[PDB]
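Next comes just one chain, in structure tokens: the form deposited without adenosine-5'-diphosphate (ADP).
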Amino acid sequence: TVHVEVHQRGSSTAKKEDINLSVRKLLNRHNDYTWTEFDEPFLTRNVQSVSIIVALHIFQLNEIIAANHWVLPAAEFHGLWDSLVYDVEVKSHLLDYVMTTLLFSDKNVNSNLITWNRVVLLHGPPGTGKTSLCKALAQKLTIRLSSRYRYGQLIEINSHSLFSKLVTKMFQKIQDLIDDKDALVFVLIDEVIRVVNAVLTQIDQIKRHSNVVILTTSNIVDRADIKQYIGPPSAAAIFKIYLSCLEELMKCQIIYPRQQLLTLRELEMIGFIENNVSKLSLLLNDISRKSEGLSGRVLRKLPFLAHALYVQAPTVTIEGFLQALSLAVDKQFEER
């Protein structure tokens, strides 16, 4: 189908019925695009964004010791999903796998006949956004399952538990959130003796519940029925990442004035020929090629370094910015 994500304003107390009614009628007048300004006043009042990304998901964002807790969908994770860029379709695959995992628990499929369980292992080299993808994935499952779960919960356990009871108090609090069966509960552990044994025993207990999924990451438990390698970005991915940063700096008028930037597709479409818009993306494509082997984490830090080291003013040109970024990629390599 087509998926339409409807961000309702924090302040709004309008019912989803009306948001739903009104947003379908908006889509009749316009037989993937994001809307931020609307003709109908009810929309401008109640709705921050409609986003083709026909099923509607309407959500509001929400704003324990040795764990971070978030009610999903969380303000902190808004845009996290779109921010993460992989060579292959890992994101759409993970979403599909965890969603059939949850259909199968719902309908109580015997896991002895068809193998499935509610634990996910993202593994691979560091700087890859494995933890951000676990968060991004929790957010998106929560948004897409509003018709089954009223809200979600995320508990990120700190494997800074190798320090000097505690564990029984944490999992008791976690159990209290699990008891609410309107809530899809995610428990996130990054990989790393009687204490370790106690958390592993506690995971085994909570992993029994229908509404619990265990997200795990490894820079390398052991029985997760969905394992997924997440590797570093290629030139194409690096181009998308950099382009999301330049667009964000033109949104915020740090890069002034707005110039149009072409995507790698859009410049394949015109056979890479140089005009006065397309030359800025031809330069990005060179900067991308000379960035390959850097992690997503370094890539999303580079536009900050570029600005701090090589751009004085509150504003700078797209031509000015790409010069600084180019310089920033060189400093990154000349240090390592």
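Numbers for residues come from their place in the sequence shown, where the first is 1.
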Going by the record, give me the number of deposited-sequence residues missing between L200 and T201 as none, 1 to 3, 4 to 9, or 10 or more.
none
In the deposited sequence, how many residues between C252 and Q253 have no modelled coordinates (none, 1 to 3, 4 to 9, 10 or more)?
none
Please compare 94-102 with 204-212 and say which has the higher mean C-alpha temperature factor in the record.
204-212
Comparing 320-328 with 19-27, which has the greater mean CA B-factor as deposited?
19-27
Per the deposited entry, the peak Cα B-factor within the set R223, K130, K240, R148 goes to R223
Per the entry's Cα B factor values, which of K165, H78, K107, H123 stands out as the maximum?
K165
Hey, what third does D182 fall into on Cα B-factor, ranked over its chain?
middle
For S51, the third of its chain into which the C-alpha B factor falls:
highest
Record-listed C-alpha B factor of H160: chain third
highest
Among modelled residues of the same chain, the CA temperature factor third for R265
highest
Just say lowest, middle or highest third for the CA B-factor of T36 relative to the other modelled residues in its chain.
highest
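The form solved in complex with adenosine-5'-diphosphate (ADP) exists for this protein as well; it is not shown, and the discussion that follows is about that form.
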Given 305-313, 267-275, 32-40, 291-299, the stretch touching adenosine-5'-diphosphate (ADP) in the entry with it bound at heavy atoms within 4.5 Å is 291-299
Could you tell me if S83 has a non-hydrogen atom within 4.5 Å of adenosine-5'-diphosphate (ADP) in the entry with it bound?
yes
In the entry with it bound, does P257 come within 4.5 Å of adenosine-5'-diphosphate (ADP), counting heavy atoms only?
no
Answer with yes or no whether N211 is in contact with adenosine-5'-diphosphate (ADP) in the entry with it bound, where contact means some heavy atom within 4.5 Å.
no
At 4.5 Å between heavy atoms, is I241 in contact with adenosine-5'-diphosphate (ADP) in the entry with it bound?
yes
To verify the annotation, which of these, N219, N117, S146, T263, has a non-hydrogen atom within 4.5 Å of adenosine-5'-diphosphate (ADP) in the entry with it bound?
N219
Only one of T101, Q228, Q153, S132 comes within 4.5 Å of adenosine-5'-diphosphate (ADP) in the entry with it bound by heavy atoms, so just point that one out.
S132
Who in 100-129 is close to adenosine-5'-diphosphate (ADP) in the entry with it bound, meaning a heavy atom within 4.5 Å?
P125, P126, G127, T128, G129
